[PDB]
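Residues 6 to 340, 405 to 471 in the authors' numbering are what the sequence shown spells out, letter by letter.
All C-beta atoms, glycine included, are put in the ideal place defined by N, C-alpha and C.
Shown next, in structure tokens, is the structure this report addresses.
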Amino acid sequence: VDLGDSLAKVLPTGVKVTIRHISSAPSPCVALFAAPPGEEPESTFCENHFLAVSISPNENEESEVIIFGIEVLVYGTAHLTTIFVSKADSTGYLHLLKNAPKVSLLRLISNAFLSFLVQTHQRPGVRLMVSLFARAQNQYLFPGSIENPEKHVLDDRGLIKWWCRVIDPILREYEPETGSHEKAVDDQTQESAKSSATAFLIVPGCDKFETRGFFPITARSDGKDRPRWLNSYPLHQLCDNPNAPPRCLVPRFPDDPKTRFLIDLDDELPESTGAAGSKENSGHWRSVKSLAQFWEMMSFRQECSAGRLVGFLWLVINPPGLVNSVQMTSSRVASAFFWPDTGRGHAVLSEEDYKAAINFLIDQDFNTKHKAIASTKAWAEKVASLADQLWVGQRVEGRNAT
């Protein structure tokens with residue numbers, strides 16, 4: 006599968022953009038889930054992906070300006086692939102694109118990029134998850150672009166609805182499901198031979214009725230027996246032991262408001278925890294006693310109060326030979406699998422060079438058209454240098470006529 010070609014098929018006819026997809030090779034990382042007492046963490050690898058999208062305000066000119074950046078982290082264990090969105094920002098210069106149709110190009114791009122990474126990181130028989138948290142914030146990517154009067158940002162509620170609309174078409178390429186802890190009918194052999202999926206959304210502070218307000222309108226016509234959007238956390242699909250302490254049941258992503266909370270709660274534990282032969286290693290928090298209580302208390306954190314909201318999204322995909330009733334299995338040992410490389414970027418950088426590529430971009434300026442155009446040329450050359458290529462990326466022309 007080709008990213009530029011996938012993208013060309015969804016972009017409106019005549020829309021021309023340039024893409025640079027850089028990635029890093031899978032390298033060992035800290036587990037997404039904390040280990041329960043007496044066990045080691047699951048062996049976990051992470052692969053960084055970053056897509057920069059630019060336009061040329063005048064064709065047949067070297068002049069490019071970046072309009073969008075999205076970073077996606079792909080985690081792998083023996084039993085779970087996790088595709089996590091870590092960064093996504095615009096610059097506000099998309100308007101410089103002559104004849105730019107009304108559909109959110111940024112939505113189409115994000116959809117296509119995630120779709121691409123799912124197709125190329127899907128392993129046979131292994132559950133795959135797309136995940137993100139949605140909230141308005143100080144995204145690293147493009148400093149000064151906030152001063153650009155043409156950059157239009159959404160608030161928390163708008164971002165949550167936006168991200169669900171990004172996820173919805175990915176979700177609906179897969180078969181409906183009936184329910185994990187639901188009746189064991191003959192929906193077992195049906196949903197198993199085909200790739201299936203459900204989307205899960207939680208917005209702490211919002212009840213089951215208000216939360217449905219965030220769902221795409223497509224959800225109105227799904228049958229009661231096979232909903233595609235659910236207001237809950239898919240615990241039994243993500244965790245092998247739903248009875249382990251709550252600190253083990255929630256994934257820990259970079260810069261995530263919920264991880265910030267997890268870390269504060271972890272600090273309520275005695276420091277004797279983790280130490281050899283410890284008697285203070287139940288892993289139980291002081292102020293929060295269950296997973297249910299974790300989500301409730303999330304709603305009182307800074308990111309969820311005084312008018313702020315954050316939405317947490319999990320798209321859980323069950324490949325053929327797997328239904329949503331099959332509980333997650335553990336790869337832990339009591340106290405390296407095959408990672409297909411078909412969705413690598415235009416440039417595969419070392420961990421060090423990838424960091425330098427992102428940091429260089431962050432160190433640039435996007436306050437005005439002229440400064441952003443200069444920042445774009447500069448970053449493009451830096452990437453080329455790190456990649457040992459003369460020019461990185463490719464140009465894409467939309468083909469979608471519908």
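Span of the beta strand (DSSP E) around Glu52: Secondary structure note for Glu52: its beta strand (DSSP E) is the uninterrupted segment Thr49 to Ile60.
Supposed close pair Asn153, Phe435 - CB separation, criterion 8 angstroms: Correct: roughly 7 angstroms between the Cβ atoms.
7 angstroms Cβ shell around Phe219 - same chain, five flanking residues per side excluded: Excluding sequence neighbours, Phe219 sits near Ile165, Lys166, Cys169, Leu206, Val208 and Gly316.
First through last residue of the alpha helix (DSSP H) which encompasses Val90: Where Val90 is concerned, there is no enclosing alpha helix (DSSP H), although the beta strand (DSSP E) it sits in stretches over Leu85 to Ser95.
Proximity to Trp234 [Cα-Cα], best of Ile222, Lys103 and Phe55: Restricting attention to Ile222, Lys103 and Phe55, the CA atom closest to the CA of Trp234 is found in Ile222.
Assigned secondary structure, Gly74 (DSSP; H/G/I helix, E/B strand, else coil): Residue state, collapsed to three classes: strand.
Segment limits, alpha helix (DSSP H) that includes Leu320: From DSSP, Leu320 is part of no alpha helix (DSSP H) but of the beta strand (DSSP E) over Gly316 to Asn323.
Local conformation of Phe138 per DSSP, three classes: Residue state, collapsed to three classes: strand.
Limits of the unbroken beta strand (DSSP E) element including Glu215: Note, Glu215: premise wrong, no beta strand (DSSP E); alpha helix (DSSP H) at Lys213 to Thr216.
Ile24 vs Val58 beta-carbon contact at 9 angstroms: Contact flag set, yes.
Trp168 in three-state terms, based on DSSP: Residue state for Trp168 is assigned as helix, using DSSP reduced to three classes.
Opposing strand residues paired with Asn436 [DSSP bridges]: Paired residues: none, contrary to the question.
With 16 other Cβ atoms within 10 Å as the buried cut-off, status of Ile75: Result: buried.
Sequence-distant residues of its chain with Cβ nearer than 6 angstroms to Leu101 (five each side left out): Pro62, listed in sequence order.
Contacting residues, own chain, Cβ-Cβ under 8 angstroms from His157 (five flanking each side not counted): Only residues of its own chain outside the window of five on either side were considered, and among them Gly97 have a CB closer than 8 angstroms to the CB of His157, listed in chain order.
Those runs of the alpha helix (DSSP H) which lie wholly inside the stretch 229 to 314 and span at least 4 residues: Counting only runs of 4 or more, we get 240 to 243, 262 to 271 and 296 to 303.
Environment of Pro275 [buried if 16+ CB atoms lie within 10 Å]: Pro275 comes out exposed.
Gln463: first and last residue of the uninterrupted beta strand (DSSP E) it sits in: Its beta strand (DSSP E) spans residues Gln463 to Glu466.
Reduced DSSP secondary structure (H/G/I, E/B, other) of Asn63: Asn63 falls in the coil class under three-state DSSP.
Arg112 - containing alpha helix (DSSP H), residue span: That run of the alpha helix (DSSP H) goes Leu110 to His126.
Distance, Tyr238 Cα to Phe214 Cα: For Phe214 and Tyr238, the distance between alpha carbons rounds to 16 angstroms.
From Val461, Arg291 and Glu180, residue whose alpha carbon lies closest to that of residue 358: Gap in the chain between 340 and 405; residue 358 lies inside it and carries no coordinates.
Reference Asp410; option with closest CA among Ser29, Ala13 and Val15: Closest by C-alpha distance to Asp410, out of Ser29, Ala13 and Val15, is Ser29.
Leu122 vs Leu430 beta-carbon contact at 9 angstroms: No, they are not a contact pair.
Buried or exposed (CB count within 10 angstroms, at least 16 for buried), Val338: A residue is called buried when at least 16 other Cβ atoms come within 10 angstroms of its Cβ; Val338 does not meet this threshold and is exposed.
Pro33: CB within 8 angstroms of a non-hydrogen atom of the ligand PLP: No copy of the ligand PLP occurs in the structure displayed, which carries no ligand at all.
Residue range of the beta strand (DSSP E) that includes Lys21: Note, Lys21: beta strand (DSSP E), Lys21 to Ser29.
For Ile60 and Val15, the rounded distance between their alpha carbons: Computed Cα separation, rounded: 17 angstroms.
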